[PDB]
Amino acid sequence: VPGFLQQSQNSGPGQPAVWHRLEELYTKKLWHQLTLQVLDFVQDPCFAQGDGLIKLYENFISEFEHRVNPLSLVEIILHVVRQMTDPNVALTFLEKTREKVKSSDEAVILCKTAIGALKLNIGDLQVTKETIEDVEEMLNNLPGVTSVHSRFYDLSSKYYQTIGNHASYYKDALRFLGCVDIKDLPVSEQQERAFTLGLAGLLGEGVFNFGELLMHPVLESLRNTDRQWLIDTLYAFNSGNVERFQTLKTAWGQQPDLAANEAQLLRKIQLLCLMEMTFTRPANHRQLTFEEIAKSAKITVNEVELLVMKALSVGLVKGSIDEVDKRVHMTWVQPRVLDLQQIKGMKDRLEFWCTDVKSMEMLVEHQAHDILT
Amino acid sequence: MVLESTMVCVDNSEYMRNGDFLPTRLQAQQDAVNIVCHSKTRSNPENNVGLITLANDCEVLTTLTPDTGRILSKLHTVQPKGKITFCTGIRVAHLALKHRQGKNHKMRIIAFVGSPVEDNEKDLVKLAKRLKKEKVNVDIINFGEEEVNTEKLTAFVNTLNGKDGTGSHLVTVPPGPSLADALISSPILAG
Amino acid sequence: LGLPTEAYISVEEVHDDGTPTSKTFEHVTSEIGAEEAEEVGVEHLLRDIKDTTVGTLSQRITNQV
Amino acid sequence: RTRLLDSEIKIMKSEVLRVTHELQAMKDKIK
C-alpha cells in the first residue's frame, strides 16, 4: 500500500509528488487534505480508467481515512463509474459499498441518484423511473447541499430521456438552474448543454413560456452559441404568434422535433395568438378584425370564421368574445410574463390613473370639508 | 474563590474530524474544555463557562453557567463540517461576556483553531486593538492544524496584549499528534 | 393604513424559475385578537360607533389611501 | 476497546444529566 502509492500509483506527470504528499496526509491523518486535494487529483480526467482502477485501491485507503461520505464517497463513485466502464455487475458492487457504509442519510440519497443513473443506462422507464420517484422521496425537502438537488435534476432529466414528456424536461432544466451553485458550471459544457437546450430541449413542445425560461439570462447567453435565428424563432412562437417569416425560419432553425410536431406547434401558436391579443392589449387594440386573427392563426379569413371557434374552444383563459369583427375585449387572461419593462404598469396605464384619483379625492374633501369634521 | 466567567469558543470543521491529536481532535478539544471547566470550578463554584463553534455559525452553543453539565452536553454531538470563521466568533465572544449580567466575574476567552482563516490580517488586528480597549484576556490553543505559525493570530495576540499586556499564551498546534495533557499544561502554567 | 403587525415566515425551497438558494421570509395574512374591557383604558375618551359618519368621512379615508 | 470505554463515559455524563432530568420530572410531578 505505501509502496504502491509511491511508484506504481504514479501515472500522469506530477503524480509521484502528489502521491508522496498523499502518503504524508495518510501518516498525518489529515482526512480533509485527502477528502479535497487527493479527490481533486482524482477529479482530473487525463488518467481516465487508470485513476479509477487505482481509485479502487485508494477506496480501501479512504475506508481507513473515514472521510465524510457526502463529499468523499460521491467523488470516489464519480470516477468509480469511469473505472467500471460497462458495469453489468460492477454497478451492484459500487452501490453495495455505498449502501453498506453511509456517513449520513444525505449520502444514502446520493447513493440512490447513482443507482438510478446506472439503471437508466442499462434499462429504460422501468425500475429506474420508479427509482427516480424514490429519489424524490429520498431528497425530501432538503436543498441545502444544492448539488444533491442537481443529482436529483440529473434523474429528472433521465426521466425526460425515459419518456419524451418535454414538459418534464422543462421542469428539470428549471430545477437545474435553481440547484446549480451559480455560473460556476463549465460555461462551454453548459453552452453545449444549452446547444441541445437551444435545439431539441426547447424545440420540444414542453417549453414555450414567452421568455419565462427563454428570456432567462444564463441559458439564453449559452444558447447564443446555438443558431440565433432558431433561438429567435422560439421567442417568436410564444410572443410573435404566427410569425410566418419565422415559421419558414423555424424549419431552417431545427428540422428535428419541429417537423414531427409542426401541426401540433401550429395549433399551439394559434392558441398563443388568442392569449396574446387580450394580455398584450387591454381593451381598444385588444378588439381586432377577424382577418388579423386569420393572419394570427395563419389561416384564410373565410376559414378563420371556422378557425376562431377552434381557438376559442381551447378556452385556456376565461373571457368575453364578440364575433362581430372577432374582436376580443375578453375578461380573465394569464400572461406568462409582462412584455418589455412592464411599460403598461408605469404611467402608460397604472400609477397615472392613481394620481388622477387622489386629486378627485381632494375634490370630495373640498366639496364637503365641514362634513369631514 | 476568584470570580471569573469564560466564553470559550469550540471549533467544528472537517479539519476537526482529523484525529491526529488523541483518537479524535474533537474528543481532545472536548477534553481540553473539560479540564478548563474543572479548573474554573476548583477556583470558584460560581464561575460561569459558555462555549460556541467559531466555524460557519458563531451563535451561543450554551449560555455561561456555573454548572458544567450543560457544557458537557453541548460538547456531545458537536457535529463538525463548517469552515472556520474566527473573526465573527471572536467579536461575538467578547460582546457575549459583556452581555452576561454578572460582569463582576473576570472575563476571559479560550478558543481552538482547526483550520487556516481567510481574513485580512489588518482586519483581525483592528478587532484585537478593540479587544485591548475591552481589556478581556483571550488565549487561543490551535488544534491539529492552523495557518502556518498562526502568524495573523500571533500579531492578533500581540495587538490584544501589547504595551506589557497580559500576553496570554497562544499555543500553535504541536506538529503531528499532541497529548491533551501537553495542551492543558500551557494554559494552567500561564494565561 | 393597513395594520401594525407584519407577518413573515422564512422557508428554504428551490425556485421554479431557478433563483439560487431561494430562502426568504414570505408574507402571511395578519389580524387583531379579541379581548374584553381592554379599550376602557383607551377608547372610552373617544370612539365613533355609529352609521352617522359612514359616507361622510369613510369614503374620504378610502380615497385618501 | 478504549473508544468503547470513552463512549460509555459520554453516556455516563448523559446519565448524570438524566438524573437531573429525573429530579426535574419529579419536581414537576411534585407540584
# chains A, B, ... in the order shown; residues from 1 in each chain; ligands from 1
call {"tool": "interface_residues", "arguments": {"of": "chain D", "to": "chain B", "cutoff": "12 Å", "atoms": "only C-alpha atoms", "output": "list in words"}}
result
residues 2, 3, 4, 6, 7, 9, 10, 11, 12, 13, 14, 15, 16, 17, 18, 19, 20 and 21 of chain D
call {"tool": "residues_around", "arguments": {"residues": "residue 185 (chain B)", "least_positions_apart": "3", "cutoff": "12 Å", "atoms": "only C-alpha atoms", "output": "PyMOL selection string"}}
result
chain B and resi 32+35-36+39+141+169+171+178-182+188-191
call {"tool": "atom_distance", "arguments": {"atom1": "CA of residue 25 (chain C)", "atom2": "CA of residue 8 (chain C)"}}
result
5.2 Å
call {"tool": "residues_around", "arguments": {"residues": "residue 89 (chain B)", "least_positions_apart": "2", "cutoff": "10 Å", "atoms": "only C-alpha atoms", "output": "list in words"}}
result
residues 9, 10, 52, 53, 54, 55, 56, 57, 58, 59, 60, 84, 85, 86, 87, 91, 92, 93, 94 and 111 of chain B
call {"tool": "closest_atom_pairs", "arguments": {"of": "chain A", "to": "chain B", "cutoff": "9 Å", "atoms": "only C-alpha atoms", "output": "CSV"}}
result
residue,atom,partner,partner_atom,distance
A:27,CA,B:176,CA,9.0
A:28,CA,B:176,CA,6.3
A:29,CA,B:20,CA,5.7
A:30,CA,B:18,CA,5.3
A:31,CA,B:18,CA,5.6
A:32,CA,B:15,CA,5.8
A:33,CA,B:15,CA,8.6
A:65,CA,B:18,CA,8.8
A:67,CA,B:17,CA,8.2
A:68,CA,B:14,CA,8.2
call {"tool": "select_by_dssp", "arguments": {"residues": "region 31-185 of chain B", "states": "strand (DSSP E)", "output": "PyMOL selection string"}}
result
chain B and resi 48-53+106-113+137-142
call {"tool": "residues_around", "arguments": {"residues": "residue 63 (chain C)", "least_positions_apart": "4", "cutoff": "12 Å", "atoms": "only C-alpha atoms", "output": "MDAnalysis selection string"}}
result
(chainID A and resid 354:365) or (chainID C and resid 1 55 57:59)
call {"tool": "write_last_selection", "arguments": {"atoms": "N, CA and C atoms", "output": "PDB file, in the first residue's frame"}}
result
ATOM      1  N   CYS A 354     -53.935  56.402 -10.925  1.00  0.00           N
ATOM      2  CA  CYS A 354     -53.979  56.526  -9.444  1.00  0.00           C
ATOM      3  C   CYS A 354     -53.720  57.976  -9.036  1.00  0.00           C
ATOM      4  N   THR A 355     -52.809  58.655  -9.731  1.00  0.00           N
ATOM      5  CA  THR A 355     -52.530  60.083  -9.435  1.00  0.00           C
ATOM      6  C   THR A 355     -53.817  60.880  -9.667  1.00  0.00           C
ATOM      7  N   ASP A 356     -54.552  60.550 -10.731  1.00  0.00           N
ATOM      8  CA  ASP A 356     -55.807  61.277 -11.052  1.00  0.00           C
ATOM      9  C   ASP A 356     -56.803  61.085  -9.909  1.00  0.00           C
ATOM     10  N   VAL A 357     -56.864  59.880  -9.342  1.00  0.00           N
ATOM     11  CA  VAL A 357     -57.896  59.602  -8.303  1.00  0.00           C
ATOM     12  C   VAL A 357     -57.702  60.496  -7.078  1.00  0.00           C
ATOM     13  N   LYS A 358     -56.470  60.646  -6.596  1.00  0.00           N
ATOM     14  CA  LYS A 358     -56.256  61.414  -5.338  1.00  0.00           C
ATOM     15  C   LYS A 358     -56.678  62.872  -5.541  1.00  0.00           C
ATOM     16  N   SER A 359     -56.452  63.434  -6.731  1.00  0.00           N
ATOM     17  CA  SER A 359     -56.927  64.818  -6.983  1.00  0.00           C
ATOM     18  C   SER A 359     -58.452  64.856  -6.857  1.00  0.00           C
ATOM     19  N   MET A 360     -59.141  63.846  -7.393  1.00  0.00           N
ATOM     20  CA  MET A 360     -60.620  63.762  -7.248  1.00  0.00           C
ATOM     21  C   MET A 360     -60.984  63.535  -5.776  1.00  0.00           C
ATOM     22  N   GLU A 361     -60.170  62.772  -5.045  1.00  0.00           N
ATOM     23  CA  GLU A 361     -60.416  62.573  -3.594  1.00  0.00           C
ATOM     24  C   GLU A 361     -60.341  63.940  -2.913  1.00  0.00           C
ATOM     25  N   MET A 362     -59.384  64.773  -3.323  1.00  0.00           N
ATOM     26  CA  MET A 362     -59.270  66.140  -2.757  1.00  0.00           C
ATOM     27  C   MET A 362     -60.542  66.910  -3.113  1.00  0.00           C
ATOM     28  N   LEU A 363     -61.083  66.677  -4.310  1.00  0.00           N
ATOM     29  CA  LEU A 363     -62.341  67.355  -4.714  1.00  0.00           C
ATOM     30  C   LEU A 363     -63.465  66.944  -3.758  1.00  0.00           C
ATOM     31  N   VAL A 364     -63.514  65.674  -3.354  1.00  0.00           N
ATOM     32  CA  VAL A 364     -64.544  65.248  -2.363  1.00  0.00           C
ATOM     33  C   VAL A 364     -64.320  66.014  -1.056  1.00  0.00           C
ATOM     34  N   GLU A 365     -63.061  66.159  -0.635  1.00  0.00           N
ATOM     35  CA  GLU A 365     -62.763  66.905   0.614  1.00  0.00           C
ATOM     36  C   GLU A 365     -63.212  68.359   0.457  1.00  0.00           C
TER      37      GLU A 365
ATOM     38  N   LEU C   1     -52.914  53.383   7.640  1.00  0.00           N
ATOM     39  CA  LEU C   1     -53.219  52.341   6.615  1.00  0.00           C
ATOM     40  C   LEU C   1     -52.916  50.933   7.143  1.00  0.00           C
ATOM     41  N   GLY C  55     -69.929  57.262   4.960  1.00  0.00           N
ATOM     42  CA  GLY C  55     -70.176  58.013   3.712  1.00  0.00           C
ATOM     43  C   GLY C  55     -69.977  59.494   3.926  1.00  0.00           C
ATOM     44  N   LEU C  57     -67.179  60.548   6.224  1.00  0.00           N
ATOM     45  CA  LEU C  57     -65.695  60.577   6.227  1.00  0.00           C
ATOM     46  C   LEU C  57     -65.142  59.233   5.763  1.00  0.00           C
ATOM     47  N   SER C  58     -65.945  58.171   5.814  1.00  0.00           N
ATOM     48  CA  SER C  58     -65.381  56.838   5.483  1.00  0.00           C
ATOM     49  C   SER C  58     -64.907  56.836   4.028  1.00  0.00           C
ATOM     50  N   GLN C  59     -65.690  57.432   3.125  1.00  0.00           N
ATOM     51  CA  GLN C  59     -65.314  57.484   1.689  1.00  0.00           C
ATOM     52  C   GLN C  59     -64.018  58.279   1.560  1.00  0.00           C
TER      53      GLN C  59
END
call {"tool": "residues_around", "arguments": {"residues": "residue 333 (chain A)", "least_positions_apart": "2", "cutoff": "8 Å", "atoms": "only C-alpha atoms", "output": "NGL selection string"}}
result
:A and (275 or 278-279 or 317-319 or 331 or 335)
call {"tool": "atom_distance", "arguments": {"atom1": "CA of residue 151 (chain A)", "atom2": "CA of residue 115 (chain A)"}}
result
11.3 Å
call {"tool": "select_by_dssp", "arguments": {"residues": "chain B", "states": "alpha helix (DSSP H)", "output": "tab-separated table (two decimals) with N, CA and C atoms, in the first residue's frame"}}
result
chain	number	residue	atom	x	y	z
B	14	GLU	N	-14.28	20.09	9.10
B	14	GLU	CA	-13.70	18.86	8.50
B	14	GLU	C	-12.30	18.68	9.08
B	15	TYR	N	-11.60	19.79	9.33
B	15	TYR	CA	-10.25	19.73	9.95
B	15	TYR	C	-10.35	19.08	11.33
B	16	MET	N	-11.38	19.45	12.11
B	16	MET	CA	-11.56	18.88	13.47
B	16	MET	C	-11.82	17.38	13.37
B	17	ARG	N	-12.39	16.91	12.26
B	17	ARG	CA	-12.66	15.46	12.07
B	17	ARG	C	-11.33	14.70	12.13
B	25	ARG	N	-9.49	14.80	17.16
B	25	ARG	CA	-9.19	16.20	17.55
B	25	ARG	C	-10.38	16.77	18.33
B	26	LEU	N	-11.60	16.45	17.89
B	26	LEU	CA	-12.82	16.95	18.58
B	26	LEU	C	-12.86	16.40	20.01
B	27	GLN	N	-12.54	15.12	20.18
B	27	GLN	CA	-12.55	14.49	21.52
B	27	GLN	C	-11.48	15.18	22.38
B	28	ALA	N	-10.31	15.45	21.79
B	28	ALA	CA	-9.23	16.15	22.52
B	28	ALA	C	-9.71	17.56	22.89
B	29	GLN	N	-10.40	18.23	21.96
B	29	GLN	CA	-10.92	19.59	22.23
B	29	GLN	C	-11.92	19.52	23.38
B	30	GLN	N	-12.77	18.49	23.37
B	30	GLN	CA	-13.77	18.31	24.45
B	30	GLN	C	-13.02	18.09	25.77
B	31	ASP	N	-11.96	17.29	25.73
B	31	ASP	CA	-11.16	17.02	26.96
B	31	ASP	C	-10.55	18.33	27.46
B	32	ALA	N	-10.05	19.16	26.54
B	32	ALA	CA	-9.42	20.44	26.94
B	32	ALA	C	-10.47	21.32	27.61
B	33	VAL	N	-11.68	21.35	27.05
B	33	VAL	CA	-12.79	22.13	27.67
B	33	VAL	C	-13.07	21.53	29.05
B	34	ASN	N	-13.03	20.20	29.17
B	34	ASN	CA	-13.39	19.58	30.46
B	34	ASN	C	-12.40	20.07	31.52
B	35	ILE	N	-11.10	20.07	31.21
B	35	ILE	CA	-10.12	20.46	32.27
B	35	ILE	C	-10.34	21.93	32.63
B	36	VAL	N	-10.57	22.80	31.64
B	36	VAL	CA	-10.68	24.25	31.96
B	36	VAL	C	-11.93	24.48	32.82
B	37	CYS	N	-13.03	23.78	32.51
B	37	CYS	CA	-14.26	23.91	33.32
B	37	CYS	C	-13.98	23.40	34.74
B	38	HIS	N	-13.25	22.29	34.86
B	38	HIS	CA	-12.89	21.76	36.20
B	38	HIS	C	-12.01	22.78	36.92
B	39	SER	N	-11.05	23.37	36.20
B	39	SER	CA	-10.12	24.35	36.83
B	39	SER	C	-10.91	25.56	37.31
B	40	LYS	N	-11.86	26.04	36.50
B	40	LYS	CA	-12.70	27.19	36.90
B	40	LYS	C	-13.53	26.79	38.12
B	41	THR	N	-14.07	25.57	38.11
B	41	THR	CA	-14.91	25.09	39.24
B	41	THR	C	-14.06	25.02	40.51
B	42	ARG	N	-12.82	24.54	40.40
B	42	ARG	CA	-11.91	24.49	41.58
B	42	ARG	C	-11.67	25.92	42.06
B	43	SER	N	-11.43	26.85	41.13
B	43	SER	CA	-11.15	28.26	41.52
B	43	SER	C	-12.37	28.86	42.21
B	69	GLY	N	-22.64	20.81	33.60
B	69	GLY	CA	-23.41	19.74	32.93
B	69	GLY	C	-23.85	20.17	31.54
B	70	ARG	N	-24.30	21.42	31.40
B	70	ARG	CA	-24.73	21.95	30.08
B	70	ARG	C	-23.52	21.95	29.15
B	71	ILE	N	-22.35	22.32	29.67
B	71	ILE	CA	-21.13	22.41	28.82
B	71	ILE	C	-20.85	21.02	28.25
B	72	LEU	N	-20.95	19.98	29.09
B	72	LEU	CA	-20.63	18.61	28.62
B	72	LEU	C	-21.63	18.21	27.53
B	73	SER	N	-22.91	18.51	27.74
B	73	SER	CA	-23.95	18.09	26.76
B	73	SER	C	-23.72	18.79	25.42
B	74	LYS	N	-23.35	20.07	25.45
B	74	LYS	CA	-23.10	20.84	24.20
B	74	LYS	C	-21.91	20.23	23.46
B	75	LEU	N	-20.88	19.80	24.20
B	75	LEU	CA	-19.71	19.16	23.57
B	75	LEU	C	-20.17	17.88	22.86
B	86	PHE	N	-13.30	32.67	12.42
B	86	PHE	CA	-12.83	33.15	13.75
B	86	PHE	C	-13.22	34.62	13.99
B	87	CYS	N	-13.15	35.47	12.96
B	87	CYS	CA	-13.39	36.92	13.19
B	87	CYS	C	-14.80	37.16	13.75
B	88	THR	N	-15.81	36.53	13.15
B	88	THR	CA	-17.21	36.71	13.63
B	88	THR	C	-17.33	36.15	15.04
B	89	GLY	N	-16.75	34.97	15.28
B	89	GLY	CA	-16.84	34.32	16.60
B	89	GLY	C	-16.16	35.13	17.68
B	90	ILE	N	-14.98	35.67	17.39
B	90	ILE	CA	-14.21	36.43	18.43
B	90	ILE	C	-15.01	37.68	18.81
B	91	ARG	N	-15.61	38.35	17.82
B	91	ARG	CA	-16.42	39.56	18.10
B	91	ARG	C	-17.62	39.15	18.96
B	92	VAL	N	-18.26	38.04	18.59
B	92	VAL	CA	-19.44	37.56	19.36
B	92	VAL	C	-19.00	37.21	20.78
B	93	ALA	N	-17.87	36.53	20.93
B	93	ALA	CA	-17.47	36.09	22.29
B	93	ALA	C	-17.24	37.30	23.19
B	94	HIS	N	-16.57	38.34	22.68
B	94	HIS	CA	-16.24	39.50	23.55
B	94	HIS	C	-17.53	40.19	24.01
B	95	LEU	N	-18.44	40.43	23.07
B	95	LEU	CA	-19.71	41.13	23.42
B	95	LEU	C	-20.55	40.23	24.33
B	96	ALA	N	-20.52	38.92	24.10
B	96	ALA	CA	-21.31	37.97	24.92
B	96	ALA	C	-20.86	38.04	26.38
B	97	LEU	N	-19.55	38.20	26.62
B	97	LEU	CA	-19.05	38.36	28.01
B	97	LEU	C	-19.66	39.63	28.61
B	98	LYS	N	-19.72	40.71	27.83
B	98	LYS	CA	-20.39	41.95	28.31
B	98	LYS	C	-21.88	41.68	28.52
B	99	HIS	N	-22.48	40.84	27.67
B	99	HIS	CA	-23.94	40.56	27.75
B	99	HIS	C	-24.28	39.95	29.11
B	121	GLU	N	-5.22	40.37	7.64
B	121	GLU	CA	-4.51	40.44	8.94
B	121	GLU	C	-4.85	41.78	9.61
B	122	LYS	N	-4.96	42.84	8.81
B	122	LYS	CA	-5.29	44.18	9.37
B	122	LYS	C	-6.67	44.10	10.03
B	123	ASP	N	-7.62	43.39	9.41
B	123	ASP	CA	-9.00	43.35	9.96
B	123	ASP	C	-9.00	42.71	11.35
B	124	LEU	N	-8.32	41.57	11.51
B	124	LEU	CA	-8.23	40.92	12.85
B	124	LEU	C	-7.43	41.80	13.81
B	125	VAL	N	-6.37	42.45	13.32
B	125	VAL	CA	-5.55	43.36	14.18
B	125	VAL	C	-6.44	44.51	14.67
B	126	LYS	N	-7.31	45.03	13.80
B	126	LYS	CA	-8.25	46.10	14.22
B	126	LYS	C	-9.19	45.56	15.30
B	127	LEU	N	-9.67	44.33	15.13
B	127	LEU	CA	-10.52	43.72	16.19
B	127	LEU	C	-9.68	43.60	17.46
B	128	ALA	N	-8.41	43.18	17.34
B	128	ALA	CA	-7.55	42.95	18.52
B	128	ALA	C	-7.32	44.25	19.29
B	129	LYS	N	-7.13	45.37	18.59
B	129	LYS	CA	-6.98	46.67	19.30
B	129	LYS	C	-8.30	46.99	20.02
B	130	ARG	N	-9.44	46.71	19.39
B	130	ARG	CA	-10.75	46.92	20.06
B	130	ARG	C	-10.83	45.99	21.28
B	131	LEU	N	-10.35	44.75	21.14
B	131	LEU	CA	-10.37	43.78	22.26
B	131	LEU	C	-9.50	44.33	23.40
B	132	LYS	N	-8.37	44.96	23.06
B	132	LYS	CA	-7.47	45.56	24.09
B	132	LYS	C	-8.22	46.66	24.84
B	133	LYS	N	-9.00	47.49	24.13
B	133	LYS	CA	-9.81	48.54	24.81
B	133	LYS	C	-10.81	47.84	25.73
B	134	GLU	N	-11.41	46.74	25.27
B	134	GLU	CA	-12.35	45.96	26.10
B	134	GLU	C	-11.59	45.35	27.29
B	151	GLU	N	0.58	33.12	12.06
B	151	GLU	CA	1.22	34.46	12.02
B	151	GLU	C	0.18	35.55	12.29
B	152	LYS	N	-0.99	35.45	11.64
B	152	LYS	CA	-2.02	36.51	11.82
B	152	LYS	C	-2.45	36.50	13.29
B	153	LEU	N	-2.65	35.30	13.85
B	153	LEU	CA	-3.07	35.18	15.28
B	153	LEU	C	-1.97	35.70	16.21
B	154	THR	N	-0.71	35.43	15.88
B	154	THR	CA	0.42	35.91	16.73
B	154	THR	C	0.39	37.44	16.74
B	155	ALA	N	0.19	38.05	15.57
B	155	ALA	CA	0.07	39.53	15.51
B	155	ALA	C	-1.19	39.94	16.27
B	156	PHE	N	-2.28	39.18	16.11
B	156	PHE	CA	-3.56	39.49	16.78
B	156	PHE	C	-3.37	39.44	18.30
B	157	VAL	N	-2.67	38.41	18.79
B	157	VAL	CA	-2.42	38.27	20.26
B	157	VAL	C	-1.55	39.44	20.72
B	158	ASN	N	-0.55	39.81	19.93
B	158	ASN	CA	0.35	40.93	20.30
B	158	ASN	C	-0.47	42.23	20.36
B	159	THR	N	-1.34	42.45	19.37
B	159	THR	CA	-2.21	43.66	19.38
B	159	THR	C	-3.16	43.57	20.58
B	160	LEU	N	-3.69	42.37	20.85
B	160	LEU	CA	-4.60	42.17	22.00
B	160	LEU	C	-3.85	42.44	23.30
B	180	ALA	N	-3.41	15.56	25.05
B	180	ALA	CA	-4.32	16.59	25.61
B	180	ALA	C	-3.65	17.20	26.84
B	181	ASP	N	-3.00	16.36	27.66
B	181	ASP	CA	-2.34	16.85	28.90
B	181	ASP	C	-1.25	17.85	28.52
B	182	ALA	N	-0.52	17.59	27.43
B	182	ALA	CA	0.50	18.56	26.98
B	182	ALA	C	-0.19	19.88	26.62
B	183	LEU	N	-1.33	19.81	25.94
B	183	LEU	CA	-2.09	21.03	25.57
B	183	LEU	C	-2.59	21.74	26.84
B	184	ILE	N	-3.09	20.99	27.82
B	184	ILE	CA	-3.66	21.60	29.07
B	184	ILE	C	-2.58	22.29	29.90
B	185	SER	N	-1.36	21.76	29.92
B	185	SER	CA	-0.32	22.31	30.83
B	185	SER	C	-0.01	23.79	30.53
B	186	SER	N	0.08	24.19	29.26
B	186	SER	CA	0.49	25.59	28.97
B	186	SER	C	-0.51	26.62	29.52
B	187	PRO	N	-1.85	26.50	29.35
B	187	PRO	CA	-2.80	27.42	29.98
B	187	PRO	C	-2.75	27.37	31.51
B	188	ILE	N	-2.62	26.17	32.07
B	188	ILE	CA	-2.52	26.04	33.56
B	188	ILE	C	-1.26	26.77	34.02
B	189	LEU	N	-0.15	26.61	33.30
B	189	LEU	CA	1.13	27.25	33.70
B	189	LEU	C	0.99	28.78	33.66
call {"tool": "interface_residues", "arguments": {"of": "chain C", "to": "chain A", "cutoff": "8 Å", "atoms": "only C-alpha atoms", "output": "NGL selection string"}}
result
:C and (12-22 or 56-57 or 60 or 63-64)
call {"tool": "write_last_selection", "arguments": {"atoms": "N, CA, C and O atoms", "output": "compact mmCIF listing (two decimals), in the first residue's frame"}}
result
# COMPACT_ATOMS: atom_id res chain seq x y z
N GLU C 12 -36.99 27.38 3.17
CA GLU C 12 -35.94 27.07 2.16
C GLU C 12 -36.56 26.20 1.07
O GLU C 12 -37.15 25.16 1.43
N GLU C 13 -36.43 26.59 -0.20
CA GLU C 13 -37.07 25.84 -1.31
C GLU C 13 -36.30 26.11 -2.60
O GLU C 13 -35.42 26.99 -2.58
N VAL C 14 -36.60 25.37 -3.67
CA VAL C 14 -35.96 25.65 -4.98
C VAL C 14 -36.97 26.44 -5.82
O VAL C 14 -38.07 25.92 -6.06
N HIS C 15 -36.59 27.65 -6.24
CA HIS C 15 -37.49 28.48 -7.07
C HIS C 15 -37.72 27.78 -8.41
O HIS C 15 -36.74 27.26 -8.97
N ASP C 16 -38.96 27.79 -8.90
CA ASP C 16 -39.27 27.06 -10.16
C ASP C 16 -38.47 27.69 -11.31
O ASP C 16 -37.87 26.92 -12.08
N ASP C 17 -38.44 29.02 -11.38
CA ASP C 17 -37.67 29.71 -12.45
C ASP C 17 -36.18 29.40 -12.28
O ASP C 17 -35.50 29.20 -13.30
N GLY C 18 -35.68 29.39 -11.04
CA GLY C 18 -34.28 29.00 -10.82
C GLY C 18 -33.48 30.06 -10.09
O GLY C 18 -32.30 30.26 -10.45
N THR C 19 -34.08 30.73 -9.10
CA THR C 19 -33.28 31.69 -8.29
C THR C 19 -32.40 30.88 -7.33
O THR C 19 -32.92 29.93 -6.71
N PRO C 20 -31.10 31.21 -7.19
CA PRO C 20 -30.20 30.44 -6.33
C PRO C 20 -30.62 30.51 -4.86
O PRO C 20 -31.03 31.58 -4.45
N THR C 21 -30.54 29.39 -4.14
CA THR C 21 -30.88 29.33 -2.68
C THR C 21 -32.39 29.45 -2.48
O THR C 21 -32.97 28.51 -1.88
N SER C 22 -32.99 30.55 -2.92
CA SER C 22 -34.46 30.75 -2.80
C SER C 22 -34.89 30.60 -1.34
O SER C 22 -35.94 29.97 -1.10
N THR C 56 -69.64 59.87 5.16
CA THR C 56 -69.37 61.29 5.46
C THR C 56 -67.85 61.43 5.48
O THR C 56 -67.33 62.33 4.80
N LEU C 57 -67.18 60.55 6.22
CA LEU C 57 -65.70 60.58 6.23
C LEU C 57 -65.14 59.23 5.76
O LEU C 57 -63.98 59.20 5.34
N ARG C 60 -63.88 59.33 2.37
CA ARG C 60 -62.67 60.18 2.29
C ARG C 60 -61.46 59.32 2.64
O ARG C 60 -60.45 59.45 1.94
N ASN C 63 -60.47 57.02 -0.35
CA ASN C 63 -59.88 57.84 -1.43
C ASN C 63 -58.50 58.30 -0.95
O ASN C 63 -57.58 58.33 -1.78
N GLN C 64 -58.37 58.64 0.34
CA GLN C 64 -57.09 59.16 0.88
C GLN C 64 -56.01 58.10 0.71
O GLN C 64 -54.89 58.47 0.32
call {"tool": "closest_residue", "arguments": {"among": "A:339, A:23, A:133, A:106", "to": "residue 215 (chain A)", "atoms": "only C-alpha atoms"}}
result
A:339
call {"tool": "decode", "arguments": {"residues": "region 116-130 of chain A", "atoms": "C-alpha atoms", "output": "tab-separated table (two decimals), in the first residue's frame"}}
result
chain	number	residue	atom	x	y	z
A	116	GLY	CA	-30.89	5.37	-10.91
A	117	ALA	CA	-28.37	6.70	-13.46
A	118	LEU	CA	-26.68	3.26	-13.77
A	119	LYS	CA	-30.10	1.56	-14.12
A	120	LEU	CA	-31.09	4.18	-16.76
A	121	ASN	CA	-28.01	3.24	-18.83
A	122	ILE	CA	-28.97	-0.49	-18.87
A	123	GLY	CA	-32.80	-0.11	-18.77
A	124	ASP	CA	-35.43	2.46	-19.83
A	125	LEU	CA	-38.66	3.58	-17.99
A	126	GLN	CA	-38.64	0.52	-15.67
A	127	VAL	CA	-37.33	0.21	-12.06
A	128	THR	CA	-35.01	3.18	-12.85
A	129	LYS	CA	-38.02	5.52	-13.47
A	130	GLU	CA	-39.55	4.22	-10.18
